[PDB]
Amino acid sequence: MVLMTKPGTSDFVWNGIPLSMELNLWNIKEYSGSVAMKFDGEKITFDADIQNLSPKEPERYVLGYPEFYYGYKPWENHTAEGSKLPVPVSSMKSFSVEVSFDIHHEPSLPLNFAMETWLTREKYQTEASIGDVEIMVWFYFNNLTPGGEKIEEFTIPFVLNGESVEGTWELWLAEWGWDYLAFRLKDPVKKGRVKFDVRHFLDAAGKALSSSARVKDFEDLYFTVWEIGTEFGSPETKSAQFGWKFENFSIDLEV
């Protein structure tokens, strides 16, 4: 049983898979109230009821990203032992990720249910910079838009509640200190079960970045991690009540 009630990181093992969970309030300067993240062997849950919020940097827009992840998160220079990542993008034949989720939140709160990876030039960087790429996949959003601008749409299949469907995904792109790409599902899902192959998003990102002057040799980058969580808040958010539950998690990485 893992229980955290303040920002921090703990490793755990779920269905035989080594993982890290981070009660991540990375852009919050100060807060009052409670946060609690728990793994009990069957599910990971997160709940927050916080007030007196202010951002460390309003230019980054969101306030936090409570999440769990598989692999090496560059910003925290951390990976649980036993992960198959990082591996070069070119060595990934397929990477299926499956998870059930139930997300709740007060109506006005900016929030998403987003998964992501960081593709870096070296295997164990401690930050992303020019030449690196952040790729997100958003299954749900409320009062929150990705960064950058919407440039394209892609039709990418996934299995929703056990049924294969064709999702329509908008691709937003931004050139900041690193390249940011976010694929946002046009029909957001707040609760359900999803299974998909991360390779389809890598393939679409490689194409979208094929003419970039910043990103070179996309397939030689290292696919470092796979994070699953909920970003939340905006620079005007003063209090936040929300939570989530993740269950039935599995992955199949073919390298």
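Heads up: residue numbers just count along the shown sequence, starting at 1.
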Q | Higher-B stretch (mean Cα B-factor, as the entry records it), 158-166 or 104-112 | A | 158-166
Q: Decide which of the stretches 53-61 and 209-217 has the higher mean C-alpha B-factor, going by the entry.
A: 209-217
Q) Which listed residue, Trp118, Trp138, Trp176, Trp172, has the largest C-alpha temperature factor in the record? A) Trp176
Q.
Given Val99, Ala182, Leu144, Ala128, identify the residue with the highest C-alpha B factor in the PDB entry.
A. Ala128
**Q.** Chain-wide C-alpha B factor ranking for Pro66, given as lowest, middle or highest third
**A.** lowest
Q. Among the chain's modelled residues, which third holds the C-alpha B-factor of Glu152?
A. middle
Q | Modelled-residue ranking by C-alpha temperature factor, third containing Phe95 | A | highest
Q: Consider only the C-alpha atoms of the modelled residues in this chain, order them by B-factor as the entry records it, and name the third containing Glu247: lowest, middle or highest.
A: middle
Q: Going by the recorded CA B-factors, say which third of the chain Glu134 sits in, lowest, middle or highest.
A: lowest
